[PDB]
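With our numbering, you'll find the sequence shown wraps up at 180, consecutive numbering, no jumps. Beta carbons: idealized from backbone N, C-alpha and C, even for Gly. To keep things clear, I will list the structure first and then write my remarks on it.
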Amino acid sequence: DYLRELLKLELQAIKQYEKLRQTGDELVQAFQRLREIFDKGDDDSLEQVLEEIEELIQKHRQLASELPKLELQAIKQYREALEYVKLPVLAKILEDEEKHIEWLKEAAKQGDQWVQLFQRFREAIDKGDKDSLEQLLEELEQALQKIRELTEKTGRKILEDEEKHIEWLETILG
Ligand SMILES: [Zn+2]
Ligand SMILES: [Zn+2]
């Protein structure tokens with residue numbers, strides 16, 4: 007009964023990292039267009055692209071909130087089924103899922119950091135120019151890729167382990 011449940015959580019997990027993966031691309035490829043429009047110095051076009059990006063963050067950041075909960079969901083059920091069953095493999099999964107939240111919340115800190123910086127950049131256009139705007143975009147473009155570094159590794163790292171968890175569980179089942 008219960009192993010099919012644990013499976014569904016492990017599938018849903020992948021489907022969530024599947025949707026972040028997608029958002030991560032769009033947010034980066036949107037930032038391309040910002041560097042283009044700001045280089046031309048178009049006042050009208052920039053306003054749209056800034057709102058376009060600010061919206062994309064809310065969606066990405068939405069999903070980034072879910073995963074920490076959904077990896078907890080798993081942990082709950084694995085810990086349950088270890089008090090009763092004590093299978094050697096359910097232990098190994100639990101240990102992965104524990105270290106998956108470690109991975110996440112380290113990179114979710116780096117995410118908050120950057121969401122501030124973007125908002126400061128958007129507020130510099132409101133009230134004059136707080137610095138050469140060139141400098142703040144220059145800072146963002148780098149800190150963007152600093153997140154992208156932590157993401158693609160400590161993101162796909164999980165997707166490897168999560169796929170391994172499914173195969174393990176499917177094996178125990180028929
Ligand atoms: Zn996990
Ligand atoms: Zn897992």
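Does the distance from the CB of residue i to the CB of residue j come in under 8 Å?
i: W109; j: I172; result: no
i: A130; j: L139; result: yes
i: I20; j: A36; result: no
i: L150; j: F127; result: no
i: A87; j: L96; result: yes
i: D102; j: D49; result: no
i: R10; j: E147; result: no
i: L12; j: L175; result: yes
i: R154; j: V34; result: yes
i: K115; j: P74; result: no
Write down the C-beta distance between residue i and residue j rounded to the nearest angstrom, noting that I regard them as a contact closer than 8 Å.
i: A70; j: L15; result: Between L15 and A70 the Cβ distance is about 18 Å, and since that is not below 8 Å, they are no contact.
i: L100; j: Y84; result: 4 Å
i: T157; j: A113; result: 6 Å
i: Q22; j: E89; result: Contact doesn't hold; Cβ gap of about 27 Å is too wide.
i: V121; j: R67; result: 7 Å
i: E53; j: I81; result: Actually they are not in contact, since the Cβ atoms of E53 and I81 sit about 44 Å apart, beyond 8 Å.
Let me check you understand the geometry: is the CB of residue i closer than 7 Å to at least one non-hydrogen atom of ligand 1?
i: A114; result: no
i: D48; result: no
i: residue 4; result: Absent from the model: residue 4. The displayed extent of the chain is 7 to 180, so no value can be given.
i: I178; result: no
i: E108; result: no
i: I172; result: no
i: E101; result: no
i: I164; result: yes
i: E77; result: yes
Over the uninterrupted alpha helix (DSSP H) stretch that includes residue i, give me the two end residues.
i: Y90; result: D49 to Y90
i: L179; result: Taken as a continuous stretch (DSSP letters only), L179 belongs to no alpha helix (DSSP H), as it is neither H nor E.
i: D102; result: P94 to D132
i: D45; result: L9 to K46
Is residue i near ligand 2, with its Cβ less than 7 Å from a heavy atom?
i: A97; result: no
i: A80; result: yes
i: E72; result: no
i: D167; result: yes
i: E24; result: no
i: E16; result: yes
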